[PDB]
Protein chains: 4
Amino acid sequence: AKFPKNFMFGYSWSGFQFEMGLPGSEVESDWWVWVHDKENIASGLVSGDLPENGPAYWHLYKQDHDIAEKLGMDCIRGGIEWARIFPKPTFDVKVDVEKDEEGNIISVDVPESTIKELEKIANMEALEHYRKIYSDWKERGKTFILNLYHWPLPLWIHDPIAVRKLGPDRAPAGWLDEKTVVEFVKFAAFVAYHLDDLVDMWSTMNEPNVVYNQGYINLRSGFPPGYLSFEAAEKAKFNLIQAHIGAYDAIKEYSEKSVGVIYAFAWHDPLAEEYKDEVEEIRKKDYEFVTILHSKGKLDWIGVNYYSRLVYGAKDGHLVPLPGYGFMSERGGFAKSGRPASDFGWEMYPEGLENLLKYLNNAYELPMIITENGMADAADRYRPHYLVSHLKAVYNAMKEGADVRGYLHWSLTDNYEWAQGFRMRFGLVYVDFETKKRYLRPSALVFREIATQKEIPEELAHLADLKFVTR
Amino acid sequence: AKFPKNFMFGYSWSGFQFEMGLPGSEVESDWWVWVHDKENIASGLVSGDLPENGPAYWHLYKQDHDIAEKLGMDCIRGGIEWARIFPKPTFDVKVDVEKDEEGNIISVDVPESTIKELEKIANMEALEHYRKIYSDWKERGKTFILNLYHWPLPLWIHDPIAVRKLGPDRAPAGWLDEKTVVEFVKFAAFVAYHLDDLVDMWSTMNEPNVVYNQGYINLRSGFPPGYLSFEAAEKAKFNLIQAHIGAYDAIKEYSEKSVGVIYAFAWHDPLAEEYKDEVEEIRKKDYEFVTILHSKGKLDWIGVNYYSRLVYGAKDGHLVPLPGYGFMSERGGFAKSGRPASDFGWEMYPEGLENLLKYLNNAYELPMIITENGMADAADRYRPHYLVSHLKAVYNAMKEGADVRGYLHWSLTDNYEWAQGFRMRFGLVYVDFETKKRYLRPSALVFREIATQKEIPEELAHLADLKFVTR
Amino acid sequence: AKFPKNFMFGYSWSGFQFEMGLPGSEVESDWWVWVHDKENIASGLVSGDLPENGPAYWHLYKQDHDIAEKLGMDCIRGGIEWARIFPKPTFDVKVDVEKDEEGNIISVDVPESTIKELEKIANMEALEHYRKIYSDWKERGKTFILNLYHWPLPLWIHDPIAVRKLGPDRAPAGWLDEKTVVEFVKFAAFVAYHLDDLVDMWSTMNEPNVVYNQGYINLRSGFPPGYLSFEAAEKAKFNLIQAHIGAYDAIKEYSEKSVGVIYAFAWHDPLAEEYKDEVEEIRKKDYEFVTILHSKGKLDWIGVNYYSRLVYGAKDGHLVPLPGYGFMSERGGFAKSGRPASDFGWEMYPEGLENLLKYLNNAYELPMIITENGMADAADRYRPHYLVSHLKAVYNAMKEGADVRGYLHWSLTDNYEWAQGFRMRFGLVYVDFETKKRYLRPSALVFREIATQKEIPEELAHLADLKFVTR
Amino acid sequence: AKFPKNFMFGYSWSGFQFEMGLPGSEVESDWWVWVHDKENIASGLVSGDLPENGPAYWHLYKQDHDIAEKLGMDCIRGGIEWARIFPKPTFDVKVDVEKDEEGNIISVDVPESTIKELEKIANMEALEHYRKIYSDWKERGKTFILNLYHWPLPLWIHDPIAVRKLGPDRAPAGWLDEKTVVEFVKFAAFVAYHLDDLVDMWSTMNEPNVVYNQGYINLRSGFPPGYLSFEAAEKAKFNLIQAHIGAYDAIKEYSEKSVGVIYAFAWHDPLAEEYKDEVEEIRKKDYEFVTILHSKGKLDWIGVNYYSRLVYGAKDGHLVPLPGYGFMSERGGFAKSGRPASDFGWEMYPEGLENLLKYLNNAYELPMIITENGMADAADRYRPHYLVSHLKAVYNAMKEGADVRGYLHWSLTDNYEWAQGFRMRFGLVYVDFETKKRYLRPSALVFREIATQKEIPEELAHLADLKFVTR
């Protein structure tokens, strides 16, 4: 299975999950507070593990890029933390955000002189270290994709403990406040101004569908602010749309490079033929966020984050996602299909990635990068087959017409998995979090062999076959 | 194993879990609203099962009592729903509740003239129907215990949804408002004034400890109001303590009979000897509600609810309840001890009950009744052993000095199990909730033979032995 | 579901599995020798458990009978051990057995004087003791059915240790020897001559198909002589066909009662439509033993021993019995259908019994008794559903034209389960094999209700429904 | 963990499991007939899988050597099939074997002339073909260890079907006949004479303890001749001892090289400290075969075959190997230790290897080579941990004084696992038995990296830690 010469291989990281781990890198944010909160800990909503025991990429990036480069990686999608760049309020510095009568952003203008006013109060030293990190990779002749937002927010933008104690109207409320969007636009233009020379492609945000569904409706996920409200989920979704559209406009002001989004795509499957039509409809509404963006002329590429599926059957009653399939499988065990599931209980289901890319291609006709794909698997029991099977799924989607430009694994190294803490290990490379030492997993050797030759060689082709892993 | 000739055998019920099922029985309350809320259903915090589809005891009590009487039961503990009796506010009817400067209730007066003012605003017809229920049982010549509180509150006392959305300072807030205690005292007086003729013993409230820990801390439990706050948990506990003292004084005003509380008593075990003293301290802390009441002389008997244990060992390196033991076992599986667990994941541990009763006997030296003991077990796979072996544990505690007057199984029939809906079946008697028909389970036959001879006879004695049920 | 007034309820026993356990009741036989053999034990072929530590029914029959009677039973099917009655060889006593040119027995004659030559050689004490046991049940006014052969042979007929060591041509080779048939004929006559006044129906033998299949083909079963040979399996089958023919004629010479056989009938199911025709054929081949007998006019009734099913599917097609179903389920767990499996790994499948009974009714049009039905279930987890759902099955088959005269559960008490020893517990009543005390299981109380009332009453009707037991 | 510059890495193979697969290579043997037998098949004693569908190393050795050499392997232990070399009896070719009074072989002499006589009835073409296979390896400059016996015997030496059907006194009885030892001696001398120039060290035989224990006692393993007898086991063992002595004496006549044996070594553990001593005696009894060889001065080296352990505990009065540990664990699952188990049910237990090597060093003081070590793992879930942890175990044992000259994995490729057929897959390389194509498993990559550097490098050190693999 040969990939095109220019097909990119590598990995993705986020600031909150990778940066911290050694003194010097700690930063405040809504997620930092959420995860140190004693009541969140005691009610078991977050694990009690702390991100400042993480992999310390803010300090060891040079060493981690050495690993990546030696596994034949030529692309990394990285992060920049709004909470770092602007640790104080930006409200006082005004910009032009234009809206239609239904409140869609129609144009934005952060002029150069306003940029210059933001520097006065940004943490310029943080900004410089980001340059160092990104330079260190660009200098090796490689591609860098920059994603502007990967969940945490400045504390002055979102106080999730107070939104939860007091109600969103009595606290700084993040995506629930129309103003956050404007402030984010400032941030997007300020990053695009200083950083364009280091960046090949932009993403405005990562998985916004997770931020609004988990923060405001799926409460046992342990996402901030854990404030259960349909109306809030909808508000937040509406405001992320504007954050994307505004960030897109803001970026194109200071860069001519392509700008997309990175979005969490479950693949939805019906248990049997009779629910095909309903599942098709769940799918239109689950991808809806992206559809909206495409129809507004605001996506140059789409980053596909794919991990697993959901299977739908009737219970009573209604059309429901079924336990024992896809994301609802038994942790560290087997789906009802016989496929292994990850340590996270996510079924290994590469054919969902293939179905997904045919669907997205025909849906939107856009250049796509796989921006996340990987599995929680501490012992590296299944990750070799995951990796090869998902790569063979990308390849096959390409033969049927999908425009896929690279494959970015989640992830190079183990890291802090949000409300689960450190127990979910997603790395090609194990990290002992006490010593910060890195170790290769055999999947890294498989990755090295495939990426360096730009193909799944015969001798490794059998790792796409899932027969022996499935009962 | 012979019991004393006055040892009672019977069962417990609550209003919310049993009364409804058939037209005419429905009634608004904080739980009614909680369990119907669309957002609580999507977030999977509640089952989506509805109490109006329940066993219909409100209509069907006569046949249920017929059943119980032929099981040889001679004592029943039942409830009475504040929200039913007072579905409109009682704030305006002034009463006299005196306090310490510390906020302790030191005396209560609800005089005859006030009782009568309260009648004008009470559902006097609802009251009459409770007389008919208790009376159909009392008239057969049996014992009846009335428990005044079993969790739901009038909507005008507690709006759980507004508390969660707005914060408890901006809505009627249940146990967080001091005023609720005072209204509760009016209610208690109202009940003892009108129903003393039909009640042999009183309990002021059932598992207050679950009310405040599930509601304010253990959010995964799905309890109203789902508002995370240690302070709120502490304040509700504080207030429930007053509710008990106030209600006790109020009952003594119109009645000379015994008054106690019914409490949830998990048994706490150390995984190993090194944890012994910490566990002794966890136990002291967990039972303190009762201890405070006893030291204040406000308990005439204690209602012991026992289902399983919790086992503690070290984590990181914290002391915590360990997955795989007691309440935290696999649903329908086995605990790490080999013992089976219920459909609810509760390890079968009759030795916790024998221990519990020695401990309580020694701590408080009061008459006790097992006011709840049972298992979620749809198929009656385990319930026969569950019953005889906890009955034998009771017998051993009594051989050792425990003053136990009675054993009341939870429950006679399957019923609505709060946030879990109907999937958790506790009945000796299966209920078809569609048809409302009752069918016996073999453990019913076991109960019948034991209660009618007031002994575990030889021929049934091996059912106390868990060897064959343990892996 | 009401049964006809004359439909019999009871149980079955065999001599090897029940008689021994107290000093004085031990007898040599091929099975005795087989299960005591040190190499058989060391090789894990037999359990190590010895049947002289069994329930001691030879001494304790009167108590077992009181239990039986008090459970509402009115019929017992019992055994007589050839190895007890004729402990020394009977070869030299001459009898007239006439055969076909094909070696079918055409007529038999054991004259009176030959019966008296047998008396000199027989253990007449043991005969009389069998009389004390049968009479004790008969004097109660109940029905007794006597089955002449239930597996063990005299050692002078079968030395399974020498067969295996030396080959069947150099040892006394049990059913591999045509002389064994002749000597069985003399036993049958001798028993009909003496015992006809105590017997209501006869069965010549119990599950002969298990004898030849397990002894000579399925070594993993642990059956003597454990000599792998299709040719021996075929020859053993053929000589047991004649054993039954010879025994029927020998019984009829001294009795006018119905003579039948008792056979192990697994129900065969196709996993899918496409194998139906082929499974139909499996079933004809599997029941051929009974078919042959019916077509020679040698069967007055049929005893149905039913426990579970086999499901057939392709595997290198090649139709094989599938693991995860019927007799091939997980011990103590769940079949792939979701049904619970017995301690023995036998899927609970009452529908197989209903199917079987219609099939046999149609094939043979003879009266049938269920001479075994039951499960290994040391804890009585499932036996109550097993019992009620299978009785419901029987009743359904009767509603449909099946001439069923009674239901004999396997069995009243736990007993020695052959190569498995005591670990498979089939009783309605538990036996402590140390003390020999009997204790009732809740399934006994369920049996007592149904049998005394001659009907599955509404209150227990839900025990036929397996929904709550199935995953 | 650095290994000494001359410490060898590679693998082992046996003729029966590897050679056949492509037309031209099939040979008759007791094992060939055993595994083709219809009754062994339908009995489920053997898998029904056939060796002539195996990896076809007889034709494809060259490609497999290429894979080996590129994995950095420098040593191979291989087989020569007696059944190939001498397909017709050698009884008539007289030889001089001198014995003790107690029957021990005292000396051996096969003169040149007799060697020439033997050539004339040997299949010399098969001899030249084995020369081709070994020489293809030797010419690469690598070490080759030739093992004379790896279970199949020529049919004129052993007809196992006939031994079972008739008893060993009436058939060619393999190791039950004294004469087989004499014939093996002729074979030993003949191979030494011809092949010494291709061989660096000799083994007389592989796992004799398995040959006689599985063949004559543990019938469930399905090994020929399936004849249960303690005294046949003791006979075969005695002859196998003489066989080694004679083969050693024969080889030494025609070679100056080291001669040893390859032995199956289970590590034996007490469950608790009280069984320490008994388990110690168990060890010494199980290894007696090797103690005897050494005390007779006929071991220049020991080949250690190590896979796993057996744990011992009380059952009734006596010590048994306990289910759920070591060789007795759940297939595909986990042992009760929390360690993962192979697809054969074998617990991952590297500690056993470390322990064993110190024990063997101390008992015998001999150069050892790990000649087999590996795991059935069709998906490579656990082999990278298996490999690295057992190699670390060796290294620690060498650190403490064990004289170990190399590690040979079982195996390079998937092959035919005896009674289990192909379902047990032990390769670093997967073989598709239909197309004969080879494919690397990720553990082959790990092996390559280790052997070529002759060290366990830092980046792979974590594969030795079994923490993440264990529950």
# chains A, B, ... in the order shown; residues from 1 in each chain; ligands from 1
call {"tool": "select_by_dssp", "arguments": {"residues": "range 93-217 of chain D", "states": "helix (DSSP H, G or I)", "output": "VMD selection string"}}
result
chain D and resid 112 to 119 124 to 138 160 to 166 168 to 170 174 to 176 178 to 198 208 to 216
call {"tool": "interface_residues", "arguments": {"of": "chain D", "to": "chain A", "cutoff": "9 Å", "atoms": "only C-alpha atoms", "output": "MDAnalysis selection string"}}
result
chainID D and resid 378:382 384:385 430 438:443 445:446 458:463 466:470
call {"tool": "residues_around", "arguments": {"residues": "range 404-418 of chain B", "least_positions_apart": "2", "cutoff": "8 Å", "atoms": "only C-alpha atoms", "output": "JSON, numbers by chain"}}
result
{"B": [6, 7, 8, 9, 10, 11, 12, 13, 16, 17, 18, 50, 51, 54, 55, 68, 75, 76, 77, 367, 368, 369, 370, 371, 372, 373, 374, 375, 391, 394, 398, 402, 420, 421, 422, 423, 424, 425, 426, 427, 428, 429, 430, 431, 438]}
call {"tool": "atom_distance", "arguments": {"atom1": "CA of residue 232 in chain A", "atom2": "CA of residue 165 in chain B"}}
result
10.6 Å
call {"tool": "residues_around", "arguments": {"residues": "residue 337 in chain D", "least_positions_apart": "3", "cutoff": "10 Å", "atoms": "only C-alpha atoms", "output": "PyMOL selection string"}}
result
chain D and resi 324-326+329+334+340+347-349+470-471
call {"tool": "write_last_selection", "arguments": {"atoms": "C-alpha atoms", "output": "CSV table (one decimal), in the first residue's frame"}}
result
chain,number,residue,atom,x,y,z
D,324,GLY,CA,-5.4,-20.6,37.2
D,325,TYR,CA,-1.7,-20.3,37.7
D,326,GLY,CA,1.2,-21.2,35.3
D,329,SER,CA,-4.3,-20.7,33.3
D,334,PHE,CA,-5.4,-14.0,32.9
D,340,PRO,CA,-1.7,-12.5,31.2
D,347,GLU,CA,1.0,-17.8,32.5
D,348,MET,CA,3.7,-15.1,31.6
D,349,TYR,CA,6.2,-15.8,34.3
D,470,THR,CA,-1.0,-7.5,34.5
D,471,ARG,CA,-4.3,-7.1,36.3
call {"tool": "atom_distance", "arguments": {"atom1": "CA of residue 100 in chain C", "atom2": "CA of residue 167 in chain C"}}
result
28.7 Å
call {"tool": "residues_around", "arguments": {"residues": "range 185-196 of chain C", "least_positions_apart": "3", "cutoff": "8 Å", "atoms": "only C-alpha atoms", "output": "ChimeraX atom specification"}}
result
/C:82,86,95,108,110,115,118,131,148,181-182,199-200,204,243,246-247,250-251,253-255
call {"tool": "residues_around", "arguments": {"residues": "residue 454 in chain A", "least_positions_apart": "3", "cutoff": "7 Å", "atoms": "only C-alpha atoms", "output": "mmCIF file with N, CA, C and O atoms, in the first residue's frame"}}
result
data_model
loop_
_atom_site.group_PDB
_atom_site.id
_atom_site.type_symbol
_atom_site.label_atom_id
_atom_site.label_comp_id
_atom_site.auth_asym_id
_atom_site.auth_seq_id
_atom_site.Cartn_x
_atom_site.Cartn_y
_atom_site.Cartn_z
ATOM 1 N N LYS A 2 1.163 1.796 -1.188
ATOM 2 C CA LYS A 2 2.031 2.978 -1.253
ATOM 3 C C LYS A 2 1.183 4.216 -1.053
ATOM 4 O O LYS A 2 0.070 4.283 -1.550
ATOM 5 N N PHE A 3 1.684 5.160 -0.275
ATOM 6 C CA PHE A 3 1.058 6.457 -0.146
ATOM 7 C C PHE A 3 1.761 7.399 -1.089
ATOM 8 O O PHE A 3 2.952 7.182 -1.407
ATOM 9 N N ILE A 450 6.887 2.174 8.494
ATOM 10 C CA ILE A 450 5.885 2.520 7.508
ATOM 11 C C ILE A 450 6.111 3.938 6.983
ATOM 12 O O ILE A 450 6.141 4.149 5.783
ATOM 13 N N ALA A 451 6.217 4.906 7.893
ATOM 14 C CA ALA A 451 6.484 6.292 7.507
ATOM 15 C C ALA A 451 7.828 6.486 6.733
ATOM 16 O O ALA A 451 7.892 7.268 5.782
#
call {"tool": "select_by_dssp", "arguments": {"residues": "range 343-455 of chain B", "states": "strand (DSSP E)", "output": "ChimeraX atom specification"}}
result
/B:368-372,404-409,429-431,438-440
call {"tool": "residues_around", "arguments": {"residues": "range 265-269 of chain B", "least_positions_apart": "5", "cutoff": "10 Å", "atoms": "only C-alpha atoms", "output": "PyMOL selection string"}}
result
chain B and resi 207+209+275-276+278-283+286-287+303-313+321+325-327+349+351-356+359-360
call {"tool": "atom_distance", "arguments": {"atom1": "CA of residue 300 in chain C", "atom2": "CA of residue 260 in chain C"}}
result
5.3 Å
call {"tool": "closest_residue", "arguments": {"among": "B:144, B:184, B:230, B:364", "to": "residue 85 in chain B", "atoms": "only C-alpha atoms"}}
result
B:184
call {"tool": "decode", "arguments": {"residues": "range 52-70 of chain C", "atoms": "C-alpha atoms", "output": "tab-separated table (two decimals), in the first residue's frame"}}
result
chain	number	residue	atom	x	y	z
C	52	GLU	CA	-18.99	-45.21	48.94
C	53	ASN	CA	-19.09	-41.69	50.28
C	54	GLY	CA	-22.42	-41.03	48.55
C	55	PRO	CA	-25.93	-40.42	49.90
C	56	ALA	CA	-26.31	-43.89	51.46
C	57	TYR	CA	-29.78	-44.56	50.01
C	58	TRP	CA	-29.40	-48.32	50.64
C	59	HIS	CA	-29.61	-47.52	54.34
C	60	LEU	CA	-31.64	-44.26	54.24
C	61	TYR	CA	-34.33	-44.98	51.62
C	62	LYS	CA	-37.13	-44.66	54.15
C	63	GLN	CA	-36.23	-41.04	54.96
C	64	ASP	CA	-35.80	-40.20	51.28
C	65	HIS	CA	-39.19	-41.69	50.71
C	66	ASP	CA	-40.81	-39.52	53.43
C	67	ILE	CA	-39.24	-36.44	51.84
C	68	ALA	CA	-40.45	-37.62	48.39
C	69	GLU	CA	-43.98	-38.31	49.58
C	70	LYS	CA	-44.15	-34.97	51.39
